[PDB]
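final35.txt, holding compact mmCIF, C-alpha atoms (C1' of nucleotides):
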# COMPACT_ATOMS: atom_id res chain seq x y z
CA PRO A 140 0.00 0.00 0.00
CA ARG A 141 1.00 3.63 -0.56
CA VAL A 142 0.76 6.43 1.99
CA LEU A 143 0.56 10.13 1.16
CA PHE A 144 0.66 13.18 3.41
CA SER A 145 -1.64 16.19 3.33
CA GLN A 146 -0.59 19.41 1.63
CA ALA A 147 -0.85 20.90 5.12
CA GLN A 148 1.33 18.26 6.78
CA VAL A 149 3.93 18.43 4.02
CA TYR A 150 4.00 22.23 3.99
CA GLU A 151 4.39 22.41 7.76
CA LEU A 152 7.17 19.85 7.52
CA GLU A 153 8.67 22.03 4.79
CA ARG A 154 8.35 25.25 6.81
CA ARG A 155 10.27 23.69 9.71
CA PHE A 156 12.91 22.08 7.51
CA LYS A 157 13.68 25.56 6.16
CA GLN A 158 14.37 26.53 9.78
CA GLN A 159 15.94 23.39 11.24
CA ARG A 160 17.62 20.66 9.21
CA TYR A 161 17.72 18.27 12.18
CA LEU A 162 15.23 17.61 14.96
CA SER A 163 15.44 16.14 18.44
CA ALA A 164 13.11 13.60 20.04
CA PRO A 165 11.18 16.30 21.89
CA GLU A 166 11.14 18.54 18.80
CA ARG A 167 10.21 15.50 16.72
CA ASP A 168 7.41 14.40 19.04
CA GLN A 169 5.69 17.78 19.42
CA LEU A 170 5.59 18.30 15.66
CA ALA A 171 4.11 14.85 15.06
CA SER A 172 1.17 15.40 17.41
CA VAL A 173 0.54 18.81 15.84
CA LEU A 174 0.71 17.16 12.42
CA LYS A 175 -1.40 14.24 13.70
CA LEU A 176 1.33 11.79 12.70
CA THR A 177 3.65 9.38 14.51
CA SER A 178 7.16 10.33 15.59
CA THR A 179 8.64 7.66 13.32
CA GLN A 180 7.02 9.03 10.15
CA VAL A 181 8.34 12.48 11.02
CA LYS A 182 11.73 10.90 11.76
CA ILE A 183 11.87 9.22 8.35
CA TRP A 184 10.67 12.36 6.54
CA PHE A 185 13.49 14.61 7.76
CA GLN A 186 16.00 11.90 6.91
CA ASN A 187 14.45 11.66 3.45
CA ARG A 188 14.13 15.43 3.13
CA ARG A 189 17.83 16.09 3.69
CA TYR A 190 18.56 14.56 0.27
CA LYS A 191 18.41 16.26 -2.10
CA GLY A 1053 23.63 44.56 -14.47
CA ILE A 1054 21.70 41.28 -14.42
CA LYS A 1055 22.20 38.41 -16.86
CA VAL A 1056 19.67 35.68 -17.62
CA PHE A 1057 20.43 32.58 -19.69
CA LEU A 1058 17.88 30.33 -21.36
CA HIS A 1059 19.05 26.72 -21.02
CA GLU A 1060 18.59 24.13 -23.75
CA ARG A 1061 18.23 26.98 -26.21
CA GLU A 1062 19.19 24.58 -28.99
CA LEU A 1063 15.97 22.63 -28.55
CA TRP A 1064 13.95 25.85 -28.69
CA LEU A 1065 15.61 26.86 -31.96
CA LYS A 1066 14.67 23.43 -33.30
CA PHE A 1067 11.03 24.17 -32.45
CA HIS A 1068 11.38 27.85 -33.35
CA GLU A 1069 12.46 27.41 -36.97
CA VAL A 1070 9.45 25.13 -37.50
CA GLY A 1071 6.93 27.30 -35.67
CA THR A 1072 6.44 26.71 -31.95
CA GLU A 1073 2.97 25.39 -31.12
CA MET A 1074 1.63 24.99 -27.59
CA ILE A 1075 -1.24 22.83 -26.39
CA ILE A 1076 -3.74 24.46 -24.04
CA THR A 1077 -6.32 22.48 -22.06
CA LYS A 1078 -9.25 23.38 -19.82
CA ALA A 1079 -7.48 21.65 -16.92
CA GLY A 1080 -4.15 23.26 -17.76
CA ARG A 1081 -1.18 22.12 -19.83
CA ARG A 1082 2.60 22.09 -19.36
CA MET A 1083 4.94 23.91 -21.75
CA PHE A 1084 7.37 21.96 -23.89
CA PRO A 1085 10.17 22.77 -24.00
CA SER A 1086 10.23 23.73 -20.32
CA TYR A 1087 11.17 27.35 -19.65
CA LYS A 1088 14.33 26.87 -17.57
CA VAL A 1089 16.76 29.73 -17.00
CA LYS A 1090 19.97 30.56 -15.17
CA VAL A 1091 20.26 33.97 -13.54
CA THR A 1092 23.46 35.85 -12.67
CA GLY A 1093 24.34 39.28 -11.31
CA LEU A 1094 21.89 39.25 -8.42
CA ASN A 1095 22.35 40.49 -4.85
CA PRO A 1096 22.99 37.46 -2.57
CA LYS A 1097 21.45 39.17 0.47
CA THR A 1098 18.58 40.90 -1.33
CA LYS A 1099 15.35 38.91 -1.62
CA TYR A 1100 13.82 38.69 -5.10
CA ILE A 1101 10.60 37.57 -6.75
CA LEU A 1102 10.61 35.63 -10.01
CA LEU A 1103 7.45 35.43 -12.08
CA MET A 1104 6.40 34.75 -15.65
CA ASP A 1105 3.76 36.10 -18.00
CA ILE A 1106 2.77 35.55 -21.61
CA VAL A 1107 1.83 38.46 -23.86
CA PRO A 1108 0.31 38.41 -27.37
CA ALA A 1109 2.91 38.32 -30.14
CA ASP A 1110 0.84 40.23 -32.69
CA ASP A 1111 -2.74 41.29 -33.47
CA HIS A 1112 -3.60 38.49 -35.86
CA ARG A 1113 -5.62 35.27 -35.68
CA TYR A 1114 -3.99 32.40 -37.58
CA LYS A 1115 -5.14 29.13 -39.11
CA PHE A 1116 -3.23 26.16 -40.53
CA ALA A 1117 -3.92 24.80 -44.01
CA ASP A 1118 -1.65 23.22 -46.64
CA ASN A 1119 1.45 23.37 -44.43
CA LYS A 1120 0.94 27.11 -43.95
CA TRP A 1121 -0.10 29.56 -41.24
CA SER A 1122 -2.37 32.40 -42.39
CA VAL A 1123 -3.91 35.48 -40.79
CA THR A 1124 -7.62 34.71 -41.07
CA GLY A 1125 -8.82 37.67 -39.01
CA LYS A 1126 -8.08 39.91 -36.05
CA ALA A 1127 -6.84 38.69 -32.67
CA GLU A 1128 -9.70 38.17 -30.21
CA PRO A 1129 -9.65 40.33 -27.07
CA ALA A 1130 -7.13 38.38 -25.00
CA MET A 1131 -8.56 38.59 -21.50
CA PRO A 1132 -8.17 38.27 -18.62
CA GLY A 1133 -4.57 38.74 -17.53
CA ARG A 1134 -2.67 36.30 -15.34
CA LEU A 1135 0.91 35.90 -14.15
CA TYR A 1136 2.84 32.85 -13.02
CA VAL A 1137 4.81 33.51 -9.84
CA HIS A 1138 7.62 31.00 -9.33
CA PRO A 1139 7.11 28.66 -6.31
CA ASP A 1140 10.45 29.62 -4.75
CA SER A 1141 9.36 33.26 -4.61
CA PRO A 1142 10.17 35.22 -2.67
CA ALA A 1143 13.81 34.24 -2.14
CA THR A 1144 17.26 35.83 -1.91
CA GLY A 1145 19.31 36.35 -5.06
CA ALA A 1146 21.74 33.78 -3.69
CA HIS A 1147 19.02 31.13 -3.90
CA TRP A 1148 18.02 31.96 -7.46
CA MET A 1149 21.65 32.05 -8.62
CA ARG A 1150 22.51 28.88 -6.70
CA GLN A 1151 21.09 26.68 -9.47
CA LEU A 1152 18.82 26.65 -12.52
CA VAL A 1153 15.35 28.16 -12.25
CA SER A 1154 12.64 25.94 -13.69
CA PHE A 1155 9.25 27.24 -14.84
CA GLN A 1156 8.16 23.75 -15.89
CA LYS A 1157 5.25 23.70 -13.43
CA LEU A 1158 3.67 26.59 -15.35
CA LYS A 1159 0.45 25.39 -16.95
CA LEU A 1160 -1.68 26.82 -19.77
CA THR A 1161 -5.46 27.05 -20.01
CA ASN A 1162 -8.06 28.08 -22.58
CA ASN A 1163 -10.72 28.27 -19.88
CA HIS A 1164 -11.30 31.98 -19.31
CA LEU A 1165 -13.06 30.99 -16.08
CA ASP A 1166 -10.15 28.93 -14.76
CA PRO A 1167 -10.27 28.53 -10.95
CA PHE A 1168 -6.73 27.15 -10.63
CA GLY A 1169 -4.66 30.22 -11.50
CA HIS A 1170 -3.03 29.05 -14.72
CA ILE A 1171 -2.07 31.61 -17.37
CA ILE A 1172 -5.07 31.99 -19.67
CA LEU A 1173 -4.42 32.29 -23.41
CA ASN A 1174 -6.50 32.43 -26.58
CA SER A 1175 -6.30 29.43 -28.89
CA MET A 1176 -5.12 29.97 -32.48
CA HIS A 1177 -3.23 33.05 -31.32
CA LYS A 1178 0.50 33.73 -31.19
CA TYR A 1179 2.09 34.48 -27.81
CA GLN A 1180 5.40 35.55 -26.25
CA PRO A 1181 6.56 34.56 -22.72
CA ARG A 1182 8.33 37.14 -20.52
CA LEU A 1183 10.52 36.76 -17.43
CA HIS A 1184 10.43 39.40 -14.70
CA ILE A 1185 12.63 39.96 -11.68
CA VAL A 1186 11.44 42.16 -8.82
CA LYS A 1187 12.84 43.13 -5.41
CA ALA A 1188 11.65 43.63 -1.82
CA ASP A 1189 12.72 46.20 0.78
CA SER A 1202 14.23 43.83 -15.11
CA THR A 1203 12.40 42.06 -17.93
CA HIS A 1204 14.08 39.46 -20.13
CA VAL A 1205 12.47 38.36 -23.41
CA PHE A 1206 13.49 35.46 -25.67
CA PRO A 1207 11.95 35.80 -29.18
CA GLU A 1208 12.69 32.14 -29.93
CA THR A 1209 10.37 31.03 -27.12
CA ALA A 1210 7.43 32.72 -28.86
CA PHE A 1211 4.59 30.32 -29.66
CA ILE A 1212 1.00 29.84 -30.81
CA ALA A 1213 -1.60 28.52 -28.36
CA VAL A 1214 -3.56 25.62 -29.84
CA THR A 1215 -6.10 23.09 -28.57
CA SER A 1216 -4.64 20.39 -30.83
CA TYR A 1217 -1.46 20.03 -32.89
CA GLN A 1218 -1.36 21.27 -36.49
CA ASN A 1219 2.01 20.67 -38.14
CA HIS A 1220 3.00 17.08 -37.30
CA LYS A 1221 6.63 18.20 -37.47
CA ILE A 1222 5.99 20.05 -34.23
CA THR A 1223 4.23 16.91 -33.04
CA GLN A 1224 7.24 14.76 -33.92
CA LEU A 1225 9.63 17.21 -32.27
CA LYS A 1226 7.74 16.91 -28.98
CA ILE A 1227 7.59 13.11 -28.90
CA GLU A 1228 11.31 12.54 -29.51
CA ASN A 1229 12.21 15.10 -26.83
CA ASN A 1230 9.45 14.92 -24.21
CA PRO A 1231 10.12 12.04 -21.76
CA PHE A 1232 6.39 11.61 -21.12
CA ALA A 1233 5.74 11.11 -24.83
CA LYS A 1234 8.33 8.32 -25.00
CA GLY A 1235 5.46 5.85 -25.43
CA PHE A 1236 4.96 7.01 -29.02
CA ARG A 1237 8.38 6.28 -30.53
CA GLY A 1238 9.15 3.93 -33.42
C1' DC B 1 -15.57 23.15 -42.51
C1' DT B 2 -13.11 24.36 -38.65
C1' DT B 3 -11.82 23.92 -33.69
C1' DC B 4 -12.27 22.10 -29.23
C1' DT B 5 -13.14 17.86 -25.49
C1' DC B 6 -12.48 13.62 -23.53
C1' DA B 7 -11.02 8.58 -22.07
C1' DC B 8 -7.41 5.66 -22.42
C1' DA B 9 -2.78 3.55 -23.17
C1' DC B 10 1.77 4.60 -22.14
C1' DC B 11 5.28 6.79 -19.86
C1' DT B 12 8.20 9.48 -15.94
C1' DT B 13 8.13 11.19 -11.44
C1' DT B 14 7.29 11.23 -6.91
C1' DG B 15 7.39 10.07 -1.84
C1' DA B 16 7.13 7.26 2.37
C1' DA B 17 8.65 3.28 3.93
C1' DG B 18 12.07 -0.61 3.55
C1' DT B 19 16.87 -2.46 3.85
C1' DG B 20 21.70 -2.43 5.13
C1' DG B 21 25.43 0.17 6.49
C1' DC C 1 22.26 8.66 11.18
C1' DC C 2 23.52 7.71 5.93
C1' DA C 3 22.49 6.15 0.92
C1' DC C 4 20.33 3.58 -1.67
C1' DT C 5 15.88 1.01 -3.32
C1' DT C 6 11.29 -0.66 -3.36
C1' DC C 7 6.48 -0.08 -4.67
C1' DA C 8 2.28 1.80 -5.82
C1' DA C 9 -0.11 6.01 -6.74
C1' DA C 10 0.20 10.28 -8.94
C1' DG C 11 0.86 12.97 -12.70
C1' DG C 12 2.15 14.23 -17.69
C1' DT C 13 1.43 13.01 -23.33
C1' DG C 14 -0.49 12.41 -27.58
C1' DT C 15 -3.89 9.80 -30.22
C1' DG C 16 -8.45 9.26 -32.50
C1' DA C 17 -13.12 9.71 -32.88
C1' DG C 18 -16.64 12.62 -31.69
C1' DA C 19 -18.38 17.00 -30.06
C1' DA C 20 -20.11 22.43 -30.34
Would you mind writing the file out in structure tokens?
Amino acid sequence: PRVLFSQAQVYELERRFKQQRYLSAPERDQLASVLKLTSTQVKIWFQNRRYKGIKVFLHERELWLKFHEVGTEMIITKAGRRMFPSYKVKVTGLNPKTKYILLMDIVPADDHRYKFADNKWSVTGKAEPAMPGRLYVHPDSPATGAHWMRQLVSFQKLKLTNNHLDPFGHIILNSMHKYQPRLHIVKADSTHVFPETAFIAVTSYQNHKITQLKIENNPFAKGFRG
DNA sequence: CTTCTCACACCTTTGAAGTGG
DNA sequence: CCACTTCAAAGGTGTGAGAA
């Protein structure tokens, strides 16, 4: 059998781990009863938990260029859909002490509405009023510049929806419309744009070349290879 | 005639508990 | 305590036929 913890239990365990890396029997016991768990489960968790001018760099840019020169298409679902390739970046030139906030947003590329026929995209009208507006704040926000610069920053959890009445907080886009992602860095007491990451939101794939590019590169689509 | 929705097979990832050091 | 690994559920993908 498999046992899962509550978002509450996990979060509280996470909040303490960010304060203390090790616990003592009394510290372990008191937390367990608060979390309505046994001391052993808490014990195991912490053991398990222990392992594992500003310049921004888009990693795996090569894969984006592969998609880019073909015409980047992105699937949007009512429930929300991941971006492939994943928007991972490395940031440098930050203040180690200063706390920052990383977030993403996706703005319209143009003012046209496209369609795909005979291996060709064509403006078949004006862009629909793209509303409302939503941002994607990175989970690790807010954190010090030292944390952001420590390793890569992954925006892979970002999900895309076509549901204008989405109750989950995913960035809402209009299907059959071209879009451009933007990275923003803010403080607490700069915008970086990559034209190659520009895409078109779709409800289903058009050019199978894009489709083939995804399958041979997306680990989850490994079930569809020859 | 276009564009969007859904179950299902197939896959990776995840996390707590297990084992031995 | 470490560092591995089980093991089953969770989650991500695209496909194809049907739906507004």
Set out as CSV a contact list for chain C and region 14-20 of chain B with a cut-off of 12 Å, giving each residue of chain C that qualifies its closest atom pair and distance in Å to one decimal, counting only C-alpha atoms (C1' of nucleotides), ordered by chain and rising residue number.
residue,atom,partner,partner_atom,distance
C:2,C1',B:20,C1',10.3
C:3,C1',B:20,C1',9.6
C:4,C1',B:19,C1',8.9
C:5,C1',B:18,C1',8.0
C:6,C1',B:18,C1',7.0
C:7,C1',B:17,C1',9.5
C:8,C1',B:15,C1',10.5
C:9,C1',B:14,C1',9.1
C:10,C1',B:14,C1',7.4
C:11,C1',B:14,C1',8.8
Hey, what's within 12 Å of residue 17 (chain C) if we count all atoms listed in the file and toss same-chain stuff fewer than 6 positions away? As a list in words, please?
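Near neighbours after the sequence-gap exclusion: residues 5, 6 and 7 of chain B.
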Non-local contacts of region 1152-1162 of chain A (7 Å; only C-alpha atoms (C1' of nucleotides); under 4 positions in same chain excluded) as a short mmCIF file (atom, residue, chain, number, x, y, z; two decimals) with C-alpha atoms, in the frame of the given file:
data_model
loop_
_atom_site.label_atom_id
_atom_site.label_comp_id
_atom_site.auth_asym_id
_atom_site.auth_seq_id
_atom_site.Cartn_x
_atom_site.Cartn_y
_atom_site.Cartn_z
CA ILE A 1076 -3.74 24.46 -24.04
CA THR A 1077 -6.32 22.48 -22.06
CA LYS A 1078 -9.25 23.38 -19.82
CA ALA A 1079 -7.48 21.65 -16.92
CA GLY A 1080 -4.15 23.26 -17.76
CA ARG A 1081 -1.18 22.12 -19.83
CA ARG A 1082 2.60 22.09 -19.36
CA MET A 1083 4.94 23.91 -21.75
CA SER A 1086 10.23 23.73 -20.32
CA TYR A 1087 11.17 27.35 -19.65
CA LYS A 1088 14.33 26.87 -17.57
CA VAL A 1089 16.76 29.73 -17.00
CA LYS A 1090 19.97 30.56 -15.17
CA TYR A 1136 2.84 32.85 -13.02
CA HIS A 1138 7.62 31.00 -9.33
CA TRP A 1148 18.02 31.96 -7.46
CA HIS A 1170 -3.03 29.05 -14.72
CA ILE A 1171 -2.07 31.61 -17.37
CA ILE A 1172 -5.07 31.99 -19.67
CA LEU A 1173 -4.42 32.29 -23.41
CA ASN A 1174 -6.50 32.43 -26.58
CA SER A 1175 -6.30 29.43 -28.89
#
When you draw a straight line from CA of residue 1112 (chain A) to CA of residue 1178 (chain A), how long is it in Å?
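Separation between CA of residue 1112 (chain A) and CA of residue 1178 (chain A): 7.8 Å.
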From the options A:1227, A:1188, A:1056, A:1233, which residue's atoms come nearest to chain B, counting only C-alpha atoms (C1' of nucleotides)?
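Nearest to chain B: A:1233.
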Region 147-162 of chain A: which residues within 6 Å, counting all atoms listed in the file, same-chain residues fewer than 4 positions away excluded, as a PyMOL selection string?
chain A and resi 166-167+174
Using all atoms listed in the file, select each residue of chain A with any atom at most 10 Å away from an atom of chain C, and give the selection as an MDAnalysis selection string.
chainID A and resid 140:143 186 190 1081:1082 1216:1217 1223 1226:1227 1230:1236
Would you write out, as CSV, a table of all residues in chain B that have an atom no more than 7 Å from an atom of chain A, listing for each the closest atom pair and the distance in Å to one decimal, considering all atoms listed in the file and ordering rows by chain and rising residue number?
residue,atom,partner,partner_atom,distance
B:4,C1',A:1215,CA,6.3
B:10,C1',A:1235,CA,5.1
B:11,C1',A:1232,CA,5.1
B:12,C1',A:1232,CA,5.9
B:16,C1',A:142,CA,6.4
Any chance you can output those residues with C-alpha atoms (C1' of nucleotides) as an mmCIF file, in the frame of the given file?
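Once written, selection_13.cif looks like this:
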data_model
loop_
_atom_site.group_PDB
_atom_site.id
_atom_site.type_symbol
_atom_site.label_atom_id
_atom_site.label_comp_id
_atom_site.auth_asym_id
_atom_site.auth_seq_id
_atom_site.Cartn_x
_atom_site.Cartn_y
_atom_site.Cartn_z
ATOM 1 C "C1'" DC B 4 -12.270 22.100 -29.230
ATOM 2 C "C1'" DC B 10 1.770 4.600 -22.140
ATOM 3 C "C1'" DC B 11 5.280 6.790 -19.860
ATOM 4 C "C1'" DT B 12 8.200 9.480 -15.940
ATOM 5 C "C1'" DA B 16 7.130 7.260 2.370
#
Between CA of residue 1074 (chain A) and CA of residue 1179 (chain A), what distance in Å does the model show, to one decimal?
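Those two atoms sit 9.5 Å apart.
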Which of A:1071, A:1093, A:1053, A:1085 sits closest to residue 1119 (chain A) [using all atoms listed in the file]:
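The closest residue to residue 1119 (chain A) is A:1071.
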Spatial sel., origin (-2.6, 41.1, -14.9), limit 12 Å, all atoms listed in the file, listed as number ranges by chain:
A: 1103-1107, 1130-1137, 1169, 1171-1172
As AutoDock Vina command-line options, what would the box around region 9-20 of chain B look like: edges along x, y and z, 4 Å added on every side, centre and edge lengths in Å to one decimal?
--center_x 9.5 --center_y 4.4 --center_z -9.0 --size_x 32.5 --size_y 21.7 --size_z 36.3
